[PDB]
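Engineer: Below is a structure I'd like to ask you about.
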Amino acid sequence: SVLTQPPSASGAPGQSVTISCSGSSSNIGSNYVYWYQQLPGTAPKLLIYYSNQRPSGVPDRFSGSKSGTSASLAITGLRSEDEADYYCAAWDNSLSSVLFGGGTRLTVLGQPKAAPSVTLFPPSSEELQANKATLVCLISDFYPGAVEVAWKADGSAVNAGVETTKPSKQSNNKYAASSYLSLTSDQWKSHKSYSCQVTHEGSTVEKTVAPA
Amino acid sequence: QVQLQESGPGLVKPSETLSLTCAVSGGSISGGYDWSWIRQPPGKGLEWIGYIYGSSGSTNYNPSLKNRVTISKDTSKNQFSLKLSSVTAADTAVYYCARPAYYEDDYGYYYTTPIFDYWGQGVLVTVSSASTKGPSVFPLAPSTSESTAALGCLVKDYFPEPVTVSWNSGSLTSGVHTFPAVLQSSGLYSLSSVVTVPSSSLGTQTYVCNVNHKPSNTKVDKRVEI
Numbered sequence: 002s003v004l005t006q007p008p009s010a011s012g013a014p015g016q017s018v019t020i021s022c023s024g025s026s027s028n029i030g031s032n033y034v035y036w037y038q039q040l041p042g043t044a045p046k047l048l049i050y051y052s053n054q055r056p057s058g059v060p061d062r063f064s065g066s067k068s069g070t071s072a073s074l075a076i077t078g079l080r081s082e083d084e085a086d087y088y089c090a091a092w093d094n095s096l097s098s099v100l101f102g103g104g105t106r107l108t109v110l111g112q113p114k115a116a117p118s119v120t121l122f123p124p125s126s127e128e129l130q131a132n133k134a135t136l137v138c139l140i141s142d143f144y145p146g147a148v149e150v151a152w153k154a155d156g157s158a159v160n161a162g163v164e165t166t167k168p169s170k171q172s173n174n175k176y177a178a179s180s181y182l183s184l185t186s187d188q189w190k191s192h193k194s195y196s197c198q199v200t201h202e203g204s205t206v207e208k209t210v211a212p213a
Numbered sequence: 001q002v003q004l005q006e007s008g009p010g011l012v013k014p015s016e017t018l019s020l021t022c023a024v025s026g027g028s029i030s031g032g033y034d035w036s037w038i039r040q041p042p043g044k045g046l047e048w049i050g051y052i053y054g055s056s057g058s059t060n061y062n063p064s065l066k067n068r069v070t071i072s073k074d075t076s077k078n079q080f081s082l083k084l085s086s087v088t089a090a091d092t093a094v095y096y097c098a099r100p101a102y103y104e105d106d107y108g109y110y111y112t113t114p115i116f117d118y119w120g121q122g123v124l125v126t127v128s129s130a131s132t133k134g135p136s137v138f139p140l141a142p146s147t148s149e150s151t152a153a154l155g156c157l158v159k160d161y162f163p164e165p166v167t168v169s170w171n172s173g174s175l176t177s178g179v180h181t182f183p184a185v186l187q188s189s190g191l192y193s194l195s196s197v198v199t200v201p202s203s204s205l206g207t208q209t210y211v212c213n214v215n216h217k218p219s220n221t222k223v224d225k226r227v228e229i
């Protein structure tokens, strides 16, 4: 006995979307359903209780229902701020447990492209005294959430020492990422310049630093 | 103001026992509430662990945890706690404590057990056989390039997560961006926290990043100078 939700859902701004939750007679078939909304990096918040009731602060854009062994969360007048993970929950009489659905990640369509802002830091003199040199390339406020990051040494593609994070959704619905080029102090001073090149939606932004 | 706050070790070795507590304020632990633990593996979904009922001591647990779980409470400290034995990587998660609220249903009852209306901030527990490692903190010194200046702190080579960074003891909040950490091939994390400031302020204003790595009980306040 599990609660099954589609992992992803989407809708257009100003339109509606329905998120389904499938269970069995022992949980949804005989008990109230609860819904929870979770924004990135925050604790979940109660969204719906007793299958169709809203707590204070939840707009009537959000509505819940249940029929048989399934339940549904409907959201109308979709806004970009509704992008979140939505979980259903219910008590199961057989297992004597609260069950959660796997969660449904809601995407609101039509959000405009946003080019990344790129900031490149050379190593600090403190790290250089330890014979190490970490270059830091910070990438923020881009949309959609997919970038390619390449490093250059005197304009030649760097292979060793690159590590780049997955994109993570920011609170403003755009994305952030970072890339690290880990060098020795000798390698850093061995080239005239280093570059961090960030490609996003077919266009690139490149920053360059040089050992001064 | 009902408030919950988790505390406990961020690193637990495989096969040992995870132990966490939740300090409750703004309300007595003896209230008629299902004092609940819920967890969420990084990047995955919620899982209910169980509760202890404040006015009886009665407990109920998720059978997925297979008799590994004990939830207790302490009235003298106004806290409840979680013990999870024989942990594995499947037990790495952010652990939340939570409290229900009373909503009357159509027949006059409160069904509190699946209602989580007040949540703690959550505590990350990483189940790992690798050792704790405190960070080295280095200054990151400096549409636009120089009307504003990005300065920051590189928090290098730590384990496990998390690290928090504030700036000027929390007095500086505008323009702060603390990035998600990178996991390097060494198995150690690094992150960078940056604040964007008016370039004029680089003389008249001191900037200090307040780094906290609780798993190594280590705080570093690093002055960032140009």
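Protein sequence lines correspond, in order, to chains L and H. For the first sequence, PDB author numbering gives the first residue as 2, with consecutive numbering after it. Mind the numbering: the second sequence is residues 1 to 142, 146 to 229 in PDB author numbering, read in order. For each residue, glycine too, the CB sits at the ideal point set by N, CA and C.
Please decide whether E127 (chain L) counts as near chain H, where near means a Cβ-Cβ distance under 8 Å.
Structural biologist: yes
Engineer: Check whether chain L comes within 8 Å of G178 (chain H), counting only Cβ atoms and requiring the distance to be less than that.
Structural biologist: Contacts with chain L at 8 Å (Cβ-Cβ) do not include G178 (chain H).
Engineer: Determine which residues of the segment 28-59 of chain H have a Cβ less than 7 Å from any Cβ of chain L, and write them out in chain order.
Structural biologist: Those residues of the segment 28-59 of chain H that come within reach of chain L (Cβ to Cβ, closer than 7 Å) are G45, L46, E47, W48.
Engineer: For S169 (chain H), which of H:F116, H:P100, H:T21, H:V223 has the nearest alpha-carbon?
Structural biologist: The option with the nearest alpha carbon to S169 (chain H) is H:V223.
Engineer: If you count every other CB in all the chains shown that lies within 10 Å of the CB of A211 (chain L), and 16 or more means buried, which is it?
Structural biologist: exposed
Engineer: Tell me which same chain residues have a C-beta within less than 6 Å of the C-beta of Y33 (chain H), skipping the five on either side of it?
Structural biologist: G54, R99, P100.
Engineer: Counting only beta-carbon separations shorter than 8 Å, does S97 (chain L) have a partner in chain H?
Structural biologist: yes
Engineer: Quick one: which residues of the segment 117-129 of chain H get their C-beta closer than 8 Å to a C-beta of chain L? List them in chain order.
Structural biologist: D117, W119, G120, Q121, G122
Engineer: Determine the closest residue to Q16 (chain L) out of L:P145, L:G78, L:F122, L:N174, with distance taken between C-alpha atoms.
Structural biologist: It is L:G78 whose Cα lies nearest to the Cα of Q16 (chain L).
Engineer: What residue does the alpha helix (DSSP H) around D187 (chain L) start on, and which one ends it?
Structural biologist: Taken as a continuous stretch (DSSP letters only), the alpha helix (DSSP H) holding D187 (chain L) covers 186-190.
Engineer: Spatial neighbours of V148 (chain L) within its chain, please: CB distance less than 7 Å, with the 5 preceding and 5 following residues excluded, ordered by chain position.
Structural biologist: By the criterion of a C-beta distance shorter than 7 Å, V148 (chain L) is surrounded in its chain by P117, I140, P168, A178, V199, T200, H201, once the five residues flanking it on both sides are discounted.
Engineer: Would you list the one or two residues that DSSP bridges to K66 (chain H)?
Structural biologist: Answer is none; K66 (chain H) lacks a bridge partner.
Engineer: Using the beta-carbon of each residue, which ones in chain L are nearer than 8 Å to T113 (chain H)?
Structural biologist: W92, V99
Engineer: Restricting to Cα atoms, I'd like to know which of H:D160, H:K77, H:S56 is closest to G26 (chain H).
Structural biologist: H:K77
Engineer: In whole angstroms, give me the CA-to-CA distance for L186 (chain H) and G108 (chain H).
Structural biologist: 52 Å
Engineer: By the DSSP assignment, the alpha helix (DSSP H) with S203 (chain H) in it spans what residues?
Structural biologist: Following the DSSP letters along the chain, one finds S203 (chain H) in no alpha helix (DSSP H), marked with neither H nor E.
Engineer: Within its chain, find whatever has a CB closer than 8 Å to the CB of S66 (chain L); leave out the 5 residues flanking it on each side and keep chain order.
Structural biologist: These residues qualify, in order along the chain: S52, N53, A72, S73, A75.
Engineer: Give the range of the beta strand (DSSP E) segment to which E207 (chain L) is assigned.
Structural biologist: 204-210
Engineer: Go through its chain and collect everything with a Cβ distance to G102 (chain L)'s Cβ below 6 Å, but skip five positions before and after it.
Structural biologist: The beta carbon of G102 (chain L) sits closer than 6 Å to those of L4, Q6, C22, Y88, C89, all from its chain and outside the five residues before and after it, given in chain order.
Engineer: Using the C-alpha atoms, what's the distance from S97 (chain L) back to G190 (chain H)?
Structural biologist: About 40 Å.
Engineer: Is there a C-beta anywhere in chain L that falls below 8 Å from the one on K133 (chain H)?
Structural biologist: no
Engineer: Can you give me the Cβ contacts of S129 (chain H) inside the same chain, cut-off strictly under 7 Å, excluding the 5 residues immediately before and after it?
Structural biologist: Excluding sequence neighbours, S129 (chain H) sits near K13, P14.
Engineer: Considering only the beta carbon of each residue, do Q39 (chain L) and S81 (chain L) sit closer than 8 Å?
Structural biologist: Their beta carbons are not under 8 Å apart, which means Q39 (chain L) does not touch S81 (chain L) by this criterion.
Engineer: Excluding the 5 residues flanking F116 (chain H) on each side, which residues of the same chain have their C-beta closer than 6 Å to its C-beta?
Structural biologist: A98
Engineer: Can you name, in chain order, every residue of its own chain whose Cβ lies under 8 Å from the Cβ of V166 (chain H), other than the five neighbours on each side?
Structural biologist: Around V166 (chain H): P135, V158, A184, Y192, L194, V214, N215, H216.
Engineer: Using the Cβ count rule (16 or more neighbours within 10 Å means buried), how would you classify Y144 (chain L)?
Structural biologist: buried
Engineer: Does DSSP put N60 (chain H) in a helix, a strand or coil?
Structural biologist: strand
Engineer: For the alpha helix (DSSP H) containing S19 (chain H), list its first residue and its last residue.
Structural biologist: That residue, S19 (chain H), is in no alpha helix (DSSP H); its beta strand (DSSP E) goes 18-25.
Engineer: What beta strand (DSSP E) runs, 3 residues minimum, are completely inside the segment 71-151 of chain L?
Structural biologist: 71-76, 86-93, 98-101, 105-109, 118-122, 133-143, all fully within the segment 71-151 of chain L.
Engineer: In the structure shown, what three-state DSSP assignment does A89 (chain H) receive?
Structural biologist: helix
Engineer: Find out if the Cβ-Cβ distance for the pair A152 (chain H), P142 (chain H) is shorter than 8 Å.
Structural biologist: yes
Engineer: Is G69 (chain L) helix, strand or coil when you go by DSSP?
Structural biologist: If DSSP states are grouped into helix, strand and coil, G69 (chain L) belongs with coil.
Engineer: Could you tell me how far apart the beta carbons of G155 (chain H) and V198 (chain H) are, in whole angstroms, since I believe they sit closer than 8 Å?
Structural biologist: 7 Å
Engineer: Please report the straight-line C-alpha distance between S2 (chain L) and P42 (chain H), rounded to a whole angstrom.
Structural biologist: Roughly 23 Å between the two C-alpha positions.
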